[PDB]
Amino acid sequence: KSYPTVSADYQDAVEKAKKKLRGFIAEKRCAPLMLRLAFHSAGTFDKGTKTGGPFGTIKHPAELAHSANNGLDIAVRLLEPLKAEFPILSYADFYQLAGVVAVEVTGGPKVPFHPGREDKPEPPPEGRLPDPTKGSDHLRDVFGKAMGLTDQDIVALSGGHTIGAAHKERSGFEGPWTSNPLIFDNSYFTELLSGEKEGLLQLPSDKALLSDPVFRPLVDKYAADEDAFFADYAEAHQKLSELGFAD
């Protein structure tokens, strides 16, 4: 990574937008949606072709219409008046900043943030985000092969589901992973380990972590050691927020 220089005015806008985003996301109870927005923005990166990734394209109707993005229109429209207060910021940075803030305000680790991503004109093709009905090979095709993230990243990042819930009108899955879906903690992993449970969701892709010999040791470590989860989580979210950026 070689991070670009931005003006002092750009930096001031980042700092002030970070603060506004905290109060906004906290009062609106939308941290999970905003984290999902940031992931769906970044996760389309394909290292092979250098296409996709966290470049502001998620606001384009063409990208909002991807079925994986059901409901992200709401996230995008919720942020528009606040974004209008910071016209200097790229959409790319703004949506990644909303992701970082979503983790922080729910009590998660502080993910280092570097400004300067440029807004690209071209949304990636649909079909690159993970499929919750699939298993380990698939997650490795999505996170490893396309994104260029590690197996440690895959498991730590699945920890993002520690906040939030699925919606039957969005993915078709329904419910929270955790009893405290607005609190950033290691509950995702402890829930996974205690198996199926009334009124908590587990996806087939979550189950795939429990039977992989590389993913399972990590699920165990995060279930047992929240600090270790926070540190690996922060590292993985940083890498994710920076795919294709500043290489």
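The numbering used is simple: start at 1 and walk along the sequence shown.
- For the two regions 67-75 and 124-132, the entry's Cα B-factors average higher over 124-132.
- If you average the C-alpha B-factors over 143-151 and over 88-96, the higher value belongs to 143-151.
- Of the candidates 104, 80, 137, 174, the PDB record gives 137 the highest C-alpha temperature factor.
- Ranking 182, 42, 200, 35 by Cα temperature factor from the entry places 200 first.
- Split the chain's modelled residues into thirds by C-alpha temperature factor. Residue 17 is in the lowest one.
- Among all modelled residues in its chain, residue 234 ranks in the middle third by Cα B-factor.
- Among all modelled residues in this chain, the alpha-carbon of residue 28 has a temperature factor (C-alpha) in the middle third.
- Sorting the modelled residues of the chain by their CA temperature factor places residue 246 in the highest third.
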